[PDB]
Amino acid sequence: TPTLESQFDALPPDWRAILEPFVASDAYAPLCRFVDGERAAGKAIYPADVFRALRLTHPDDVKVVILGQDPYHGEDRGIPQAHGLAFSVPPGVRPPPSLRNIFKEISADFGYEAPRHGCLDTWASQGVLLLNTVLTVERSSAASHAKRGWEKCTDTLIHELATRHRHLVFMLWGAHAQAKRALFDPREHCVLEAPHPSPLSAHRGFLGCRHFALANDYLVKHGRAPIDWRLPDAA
């Protein structure tokens, strides 16, 4: 796996500019040494492609920001669930319960069928930034990995993105994601809040929130093409 610094350096210039306050901070080198040292010590740290969400969705192309907290720490048939996009799972992995509830809301909102798989790459290529606020995890451990270092980084990301690009849609699910409103001006953006889609909270108001339809209304209001919330038949 490339060192974390090399993964920061490989980002497009537009993302590097948004992350520069963090990369210039005292927290950057320690985060890099921690993640690199965990891998060097033989721990199963996921995903390998830490910034996949950013590589697939460049800043100018961001339309919708969907926050997760930690990457999945589980696996399915020996394939890790985390692959660098919030909520998404790679081809060959069954959708976990939170993602099934996301799909249930889309199916109810638009009448689409339940997808065959859980890979959200094709939403990222349409401008859906699928950003976990903590971007690494240790296999089978629910403990957040480098929580404080990563959140300094993704806090910088959210603030700088939102300050440079007006009229984004933010889907903020759960209290942790909703607290990220402190990082931007909510009158300049569409802020959609609901409980988290996990089964523990989904029936408190995630199911029924209509966020995917609301997001598309706001995009069209601002002259942008709406998201196709379907998924192609194969991943």
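Counting begins at 1, following the sequence as shown.
Highest mean C-alpha temperature factor of the two stretches 162-170 and 36-44, which is it? Averaged over C-alpha atoms, the B-factors run higher in 36-44.
Take the C-alpha B-factors listed in the entry for 212-220 and for 21-29, compute each mean, and give the stretch with the larger one. Stretch with the greater average CA B-factor: 21-29.
Residue with highest C-alpha B-factor in the PDB entry, from 154, 141, 98, 136: When the deposited C-alpha B-factors of 154, 141, 98, 136 are compared, 141 is largest.
Among the modelled residues of this chain, does the Cα B factor of residue 186 put it in the lowest, middle or highest third? CA B-factor rank for residue 186: highest third.
Rank-wise, by C-alpha B-factor, drop residue 121 into the lowest, middle or highest third of its chain. Middle third by C-alpha B-factor.
Sorting the chain's CA B-factors, does residue 49 end up in the lowest, middle or highest third? Top third by C-alpha B-factor.
Chain-relative CA temperature factor third for residue 225: Middle third - that is where residue 225 ends up once the chain's C-alpha B-factors are sorted.
CA B-factor placement of residue 82, once the chain's modelled residues are sorted into thirds: It falls in the middle third of the chain.
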